[PDB]
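Asker: Residue numbers (this note's numbering), protein chains in the order written: chain A, 4 to 439; chain B, 4 to 439; chain C, 4 to 439. My structure is below; once you've seen it, I'll send some questions.
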Amino acid sequence: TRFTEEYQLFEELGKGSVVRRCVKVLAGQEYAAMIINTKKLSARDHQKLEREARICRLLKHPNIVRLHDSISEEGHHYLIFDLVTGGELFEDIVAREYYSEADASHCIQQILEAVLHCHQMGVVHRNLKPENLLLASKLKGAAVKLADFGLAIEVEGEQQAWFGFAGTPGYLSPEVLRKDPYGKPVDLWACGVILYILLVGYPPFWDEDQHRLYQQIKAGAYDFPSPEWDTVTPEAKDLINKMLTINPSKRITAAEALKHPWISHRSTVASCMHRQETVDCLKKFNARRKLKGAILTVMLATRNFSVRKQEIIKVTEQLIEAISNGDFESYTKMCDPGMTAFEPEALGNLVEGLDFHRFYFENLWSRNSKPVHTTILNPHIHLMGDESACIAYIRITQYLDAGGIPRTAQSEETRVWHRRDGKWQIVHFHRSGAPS
Amino acid sequence: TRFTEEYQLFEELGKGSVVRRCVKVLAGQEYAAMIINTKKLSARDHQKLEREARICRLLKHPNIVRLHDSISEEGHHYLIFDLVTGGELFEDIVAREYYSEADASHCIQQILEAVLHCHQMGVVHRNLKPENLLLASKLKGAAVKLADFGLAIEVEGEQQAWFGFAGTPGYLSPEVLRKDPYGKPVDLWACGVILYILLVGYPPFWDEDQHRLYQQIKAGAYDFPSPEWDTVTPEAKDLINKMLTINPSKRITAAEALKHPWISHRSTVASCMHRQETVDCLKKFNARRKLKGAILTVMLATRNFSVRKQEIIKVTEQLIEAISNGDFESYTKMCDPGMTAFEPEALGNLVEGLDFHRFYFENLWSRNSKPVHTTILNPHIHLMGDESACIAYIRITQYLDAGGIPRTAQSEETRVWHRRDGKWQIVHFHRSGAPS
Amino acid sequence: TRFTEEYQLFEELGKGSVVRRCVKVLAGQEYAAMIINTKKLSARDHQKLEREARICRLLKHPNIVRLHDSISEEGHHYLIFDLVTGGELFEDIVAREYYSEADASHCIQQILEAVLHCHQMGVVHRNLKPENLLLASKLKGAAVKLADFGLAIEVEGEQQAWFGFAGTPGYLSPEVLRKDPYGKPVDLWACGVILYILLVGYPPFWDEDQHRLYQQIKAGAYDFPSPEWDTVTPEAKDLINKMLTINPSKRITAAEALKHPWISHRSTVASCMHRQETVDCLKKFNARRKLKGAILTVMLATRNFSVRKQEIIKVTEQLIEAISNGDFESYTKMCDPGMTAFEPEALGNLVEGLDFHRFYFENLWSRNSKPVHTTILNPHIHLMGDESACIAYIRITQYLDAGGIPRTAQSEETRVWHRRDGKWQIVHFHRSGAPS
Ligand SMILES: COc1cc(Nc2c(C#N)cnc3cc(OCCCN4CCN(C)CC4)c(OC)cc23)c(Cl)cc1Cl
Ligand SMILES: COc1cc(Nc2c(C#N)cnc3cc(OCCCN4CCN(C)CC4)c(OC)cc23)c(Cl)cc1Cl
Ligand SMILES: COc1cc(Nc2c(C#N)cnc3cc(OCCCN4CCN(C)CC4)c(OC)cc23)c(Cl)cc1Cl
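What follows is the structure in structure tokens.
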């Protein structure tokens, strides 16, 4: 209601809801607005709204984006925190021509600065990860700023509890994997998995079997493989052992991690040799996680297959995301203007793609009411030569019906992909079972 | 509400909603009113309403119709931009007795004038085409005016993006066919396909297989076939190569196209020889596109068949348009006063046409609520002698039901045509499947 | 019953039922056995059985395969006419290094010899065509032998009647296309379309629109296009005009065509110049008709598309033929050992191909009872690069159910093709609608 009058809207920043830059007309200043559609998840979402908004009203640190107001309109809600254009940090670093232990200590310092602040404020972030770490501006000396989300929480003093199972498999502490009570410490363990990538540019734990990754993360199995770690100050490796401590009660606090300066004093005393190889690996990992970290709705069994399969999965995925969100612009991009469907709504007929579907993204399901969580089971992929491929899978869809009751629906889908002009395009689409 | 009191309504101008001339009573002046029925497409439409209305509030150019207000009434909405009676341009030109390079340069100049204005205003038209090009009046020296629609958009400065797949197959730039980000340039490419028709009176690209037309349009395959292009100044051909540039970043801007005057200076320096043959071809093409450009809901496979088939398709089409719109006047015109149906609503009986159907165009589906997108598959046509013919097809119909949920329905239809008095008339009609 | 004891069976010759070589044990001699499965078409078939068997008991010509007996066993019937291994004639001719008017006259002579015999016997073949023309042996001086089928008939003396619409579109006389009574003449007209190919190596009539081909065939529109016909004796061209006569009553009889020897006397007097170009065209046409003449169950609209489409249609076709016949050997050849289905019998699951289907070709529908005529409508094909492709179509299937009543069933199918090792292979298969 009120954000309609005072503010003007401009380009999108990110998506998930949509982030967009705006500027206040009345006292002219830029901000960034979270547009949270009135369709979230009934209750579990609204709860996380007010939590995120409250936490951010409380968190005012020079290294953390601070909110301004949160306005509720008719078909939307708006959250206006502080704006930025900096790119990601793990993205800026690779662009650096001199990366040293001393640039990494400059990072973990600002990081631990945002963290300590809030840990003093009786709040734990729980989701700490490269994605969540960003750069104020691209302008020189821009600050690292912690990204407040959203699996976040308010602890009582130092009291440890069970706040439920949240965060990213690689960024998860053992106390949380053991299903034991936790607290501020589960944040320190992230930093430790973060520092380790902030040096050698690969993660301390990982496995394709996530059951195994977790075992490592519960067993504290990491090591400093030579040669790359040989050029690393033993102080660096010391902090890393203090954060990466299995027992949270023995785990170095955030306050303690600032005082011990393999960062502040190795800024004063550590190795600056530009490690170009680390930086490269880093960049590679980043691209991978961007494409691989695509979605947590993927169920199947493989063993390290052709990255071109992992790419064609990511695509199938990007398409189904457009479908649910009501995003038509993106739907036409990924589909051949000559695409042919076979679908239950077709009533048994074959169709030309760019005629039939318009209706649905127009007024059907496009941004209707409730989230329908989509599950994709046992996909299977055929690769025929360099430019073509086809993918067969079962999509199970959890939605709220008119009554408001939830239902499930399962449809068999085949999709057929042709790469023309470096871009994959959908050509045939074949859907079995019910209408989505 | 307010357009009811101030304005008086008169004859229709065009249709799609309906354009109509009116005059403001209070300060007496003529305008042209878009009557957009409250049934549009739920959301996707309303979005394009406010976009079109906003863009036109912003676009004030001497060569572009300017809006005045946009009024919302109960069962209708009204958009009042500037009025005209000029006929189409590609229509006026053929009527000209002297057409030269210098009349064509006089056109592309005014054109590029409307375009440049808006390109400066951070807006791209995306649909540029003869239809969209009109003449203020039939009065001497009347101005060309760009027709603002509606696949239109607001770019940020010069930033290129993916705005989704829109426009007419012949008028589509390659950057859009390649599914790459685009911007203002996709407008310049249209002008180039426009100039080329504005000289020789046939288009640079075309094929019946639209997959092929697009390949040409992606490959920039056009050439200047002799003799007709032999009498054309090499400056003319120069601009044409600058607009028709495949790479948008290398593509001549609109600002650049005005300064280079194969138009302004060839107005001063170019060929005036009245090319009568070009003008004729032009006129022919026009009629064809008017009849052929009928609708984008046609699916089938043919090879350049008797134009009398292409005419009898256009008709079947004109009829089904009347049906959906609720247009009865037009329905009686195309139907024999002695027409006989066989239809599901007939409950198994044969009927006399002008009794039964009245009910439906009276209160049934006539202008009910929501758009039902009609698809016509694999039509098949029998031609028996000069005056008769019959057409068999499957019509699939996408609508919103009472619940508001979308459904599909497929009906088999046969229609039988008799030409009496130069006009085709429906005589028998046979519908299978469900009631529409 | 009796063919079980006396005869031994060996390799297949052809298929349609199956032809196979055998040898009589008791008086040792080779023959060729038609194995007509007890599933034919109820009555319409059994009628053509006894007709074919009767006609062949009657037709004993040195140039026509003569039957010996026709034995009825439990689950099969056997027809034993005379055996051959000669290859096809239009196939042998191309292999010839000297082809002249005099070799062609040597052919049409033997041909007219088999024809005249039977025309004297009150029987008309009605299906005359390259396929039906074969070579006794590959041994020197092997004889041309007419292949007795099967759209055949017994006329009374010279009385003309309506024997119904049969034969091949190109090989059809006008009196039959006009739907007028006919007789022996409809055989002479074939020879005339045959001679014409027996010289220049392309047919007199043809069009892709079969409505048009028939118009030519009803209008007698053929001409002798220069240069290739320039080197042809005017006698040759004379016979051709006598056979290719529109009015059957004016049409040269078979008896008359033997006496006029542009064949026997031009054997004595005509052009022998080896026409290598004609022979080449011939061979090409042959391959085309073999692949194109595949089946008469194909419905759609195209215009002369990439021969690689015409090839991938022929394949889809070859596969569906294997399915219906119960031919598993052929089914595994055309299918990837890693093929994945999605099918109604799958009960909503994705399967590995070479596990699931065995059951069906084992005891399900494999050679069950009755013919199920398969119709394939509006196929549509996507070509992605050289090695891959996918085809979407609606297959309608006319069968006899348990009751013996006929039913129809329509299924939507997508098939996906990968060429590996010069051979196309099926990889994914997706079937919608009911179980076949
Ligand atoms: C709920 O909070 C979240 C918000 C955000 N999103 C952003 C916020 C906030 N908030 C603030 N500022 C951002 C600035 C951005 O940079 C501009 C990028 C345009 N460039 C144009 C030129 N080309 C060459 C490069 C790209 C940006 O995009 C990367 C995202 C931003 C995210 Cl990503 C996640 C969560 Cl969880
Ligand atoms: C959404 O905007 C659009 C609006 C319009 N429509 C028009 C606007 C507007 N706006 C303004 N002025 C028009 C003047 C016209 O000329 C009068 C024709 C009557 N003549 C009577 C005498 N006889 C011999 C010849 C015909 C006219 O009809 C051809 C259409 C007009 C269109 Cl076509 C498309 C879009 Cl997308
Ligand atoms: C209902 O009557 C019909 C019967 C037949 N079928 C045949 C009859 C009969 N009858 C007699 N003799 C045949 C001899 C054949 O040649 C042997 C080919 C094996 N070669 C092995 C070596 N490699 C290199 C080449 C192939 C043959 O196959 C082409 C088919 C034959 C037909 Cl095609 C159609 C109808 Cl309508």
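Where a beta carbon is used, it is the ideal one built from N, C-alpha and C, also for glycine.
Starting from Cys-393 of chain A and walking both ways along the beta strand (DSSP E), at which residues does that stretch end?
Answerer: Residues 391 to 403.
Asker: On the CB-based measure, 16 or more other CB atoms within 10 Å of its CB, does residue 3 of chain C come out buried or exposed?
Answerer: There is no way to answer for residue 3 of chain C, as the model of chain C reaches only from 4 to 439.
Asker: Just checking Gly-19 of chain A against ligand 1 - is the residue's beta carbon closer than 8 Å to any of the ligand's heavy atoms?
Answerer: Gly-19 of chain A: yes, Cβ under 8 Å from ligand 1.
Asker: Pull up the DSSP beta-bridge partners for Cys-338 of chain A, would you.
Answerer: BP columns for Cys-338 of chain A point to A:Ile-429.
Asker: Tell me which residues share the same chain as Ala-105 of chain B and place their Cβ nearer than 6 Å to its Cβ, disregarding the 5 neighbours each side in the sequence.
Answerer: For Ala-105 of chain B, where only same-chain residues beyond five positions count, the Cβ hits under 6 Å are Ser-270, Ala-273, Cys-275.
Asker: Looking at ligand 1, does it come within less than 8 Å of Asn-135 of chain A, judged from the CB to the closest heavy atom?
Answerer: Yes; taking the cut-off as 8 Å, the Cβ of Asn-135 of chain A has a heavy atom of ligand 1 nearer than that.
Asker: Label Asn-289 of chain C either buried or exposed according to how many other C-beta atoms from any shown protein chain fall within 10 Å of its C-beta, with 16 as the threshold for buried.
Answerer: Classification for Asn-289 of chain C: buried.
Asker: Could you have a look at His-383 of chain B and say whether DSSP puts it in helix, strand or coil?
Answerer: Note: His-383 of chain B maps to strand in three-state DSSP.
Asker: What residue ranges within the stretch 261 to 349 of chain C form continuous beta strand (DSSP E) runs of no fewer than 3 residues, ordered along the chain?
Answerer: Within the stretch 261 to 349 of chain C, the complete beta strand (DSSP E) runs of at least 3 residues are 338 to 345.
Asker: Please determine whether the Cβ atom of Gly-90 of chain B lies at a distance below 8 Å from any heavy atom of ligand 2.
Answerer: Under cutoff, so the answer is yes.
Asker: Can you round the beta-carbon distance between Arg-69 of chain B and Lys-63 of chain B to whole angstroms, since I take them to be within the 8 Å contact cut?
Answerer: Contact holds; Cβ gap of about 5 Å.
Asker: Tell me, which residues are paired with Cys-25 of chain C by DSSP?
Answerer: Answer is C:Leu-12, C:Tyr-34.
Asker: So what's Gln-113 of chain B in DSSP terms, helix, strand or just coil?
Answerer: If DSSP states are grouped into helix, strand and coil, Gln-113 of chain B belongs with the helices.
Asker: Restricting to Cα atoms, I'd like to know which of B:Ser-391, B:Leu-357, B:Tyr-402, B:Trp-368 is closest to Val-375 of chain B.
Answerer: Among B:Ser-391, B:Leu-357, B:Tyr-402, B:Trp-368, the Cα nearest to that of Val-375 of chain B is on B:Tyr-402.
Asker: For chain A, is any of its Cβ atoms less than 9 Å away from the one on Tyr-396 of chain C?
Answerer: Yes, because at least one Cβ of chain A sits closer than 9 Å to the Cβ of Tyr-396 of chain C.
Asker: For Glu-324 of chain B, is the beta carbon positioned less than 8 Å from some heavy atom of ligand 2?
Answerer: Checking the Cβ of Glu-324 of chain B against ligand 2 gives no.
Asker: Got a sec: is the Cβ-Cβ distance from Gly-406 of chain B to anything in chain A below 9 Å?
Answerer: Chain A contact via Cβ: present.
Asker: Please report the distance separating the alpha-carbon of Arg-291 of chain B from that of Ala-349 of chain B.
Answerer: Looking at the two C-alpha atoms, the distance is approximately 38 Å.
Asker: If you reduce the DSSP assignment to three classes, tell me which class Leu-136 of chain C lands in.
Answerer: Reduced to three states, the DSSP call for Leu-136 of chain C is strand.
Asker: What would DSSP say about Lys-42 of chain A, mapped onto helix, strand or coil?
Answerer: In this structure, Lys-42 of chain A counts as coil in the three-state DSSP scheme.
Asker: Could you tell me whether any non-hydrogen atom of ligand 2 is closer than 8 Å to the CB of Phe-84 of chain B?
Answerer: Result yes, Cβ under 8 Å from ligand 2.
Asker: Listed from N- to C-terminal order along the chain, which residues in the stretch 277 to 306 of chain B have their beta-carbon within a distance smaller than 8 Å of any beta-carbon of chain C?
Answerer: Flagged, chain order: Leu-303, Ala-304, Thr-305, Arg-306.
Asker: What's the call for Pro-340 of chain C, buried or exposed, on a 16-neighbour Cβ count within 10 Å?
Answerer: It is exposed - the Cβ of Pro-340 of chain C has fewer than 16 other Cβ atoms within 10 Å.
Asker: Determine whether the beta carbon atoms of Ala-412 of chain A and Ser-369 of chain A lie at a separation below 9 Å.
Answerer: No, they are not a contact pair.
Asker: What span of residues does the alpha helix (DSSP H) with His-214 of chain A cover, start to end?
Answerer: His-214 of chain A -> alpha helix (DSSP H) spans 213 to 222.
Asker: Which partner residues of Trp-209 of chain B appear in the DSSP bridge assignment?
Answerer: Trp-209 of chain B pairs with nothing; no bridge assigned.
Asker: Straight-line CA distance for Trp-420 of chain A to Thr-319 of chain A?
Answerer: Approximately 9 Å between the Cα atoms of the pair.
Asker: Return the residues of the stretch 22 to 56 of chain B that lie within a Cβ-Cβ distance of less than 8 Å from chain A, sorted by chain order.
Answerer: Hits within the stretch, in order: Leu-44, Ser-45, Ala-46, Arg-47, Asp-48.
Asker: Taking one C-beta from the stretch 71 to 87 of chain B and one from the stretch 193 to 211 of chain B each time, how about it: are there three or more such pairs within less than 8 Å?
Answerer: No: fewer than three Cβ pairs fall under 8 Å.
Asker: Relative to the C-alpha of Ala-56 of chain C, which candidate in C:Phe-13, C:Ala-146, C:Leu-154 has its C-alpha closest?
Answerer: That would be C:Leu-154, whose Cα lies nearest to the Cα of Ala-56 of chain C.
Asker: For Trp-427 of chain B and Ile-316 of chain B, what's the separation of their Cα atoms in angstroms?
Answerer: So the alpha carbons of these two residues sit roughly 11 Å apart.
Asker: In chain C, which residues lie with their C-beta within 7 Å of the C-beta of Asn-135 of chain B?
Answerer: Going along chain C, no residue has its Cβ under 7 Å from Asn-135 of chain B, so there is no contact; the nearest lies around 32 Å.
Asker: What residues from chain C crowd round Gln-413 of chain A, counting only those whose CB sits closer than 8 Å?
Answerer: Ordered by position in chain C, the residues that pass the 8 Å Cβ test against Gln-413 of chain A are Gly-351.
Asker: Just the chain E side, please: which residues come within less than 7 Å of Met-337 of chain A by C-beta, in chain order?
Answerer: You won't find chain E in this structure, because its protein chains are A, B and C.
Asker: Kindly say whether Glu-348 of chain A, judged by its beta-carbon, lies nearer than 9 Å to any beta-carbon of chain C.
Answerer: So, not an interface residue.
Asker: Scan the stretch 368 to 379 of chain B for residues whose Cβ lies nearer than 9 Å to a Cβ of chain A and list them as they occur along the chain.
Answerer: Residues passing the 9 Å Cβ filter: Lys-373, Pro-374, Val-375, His-376, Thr-378.
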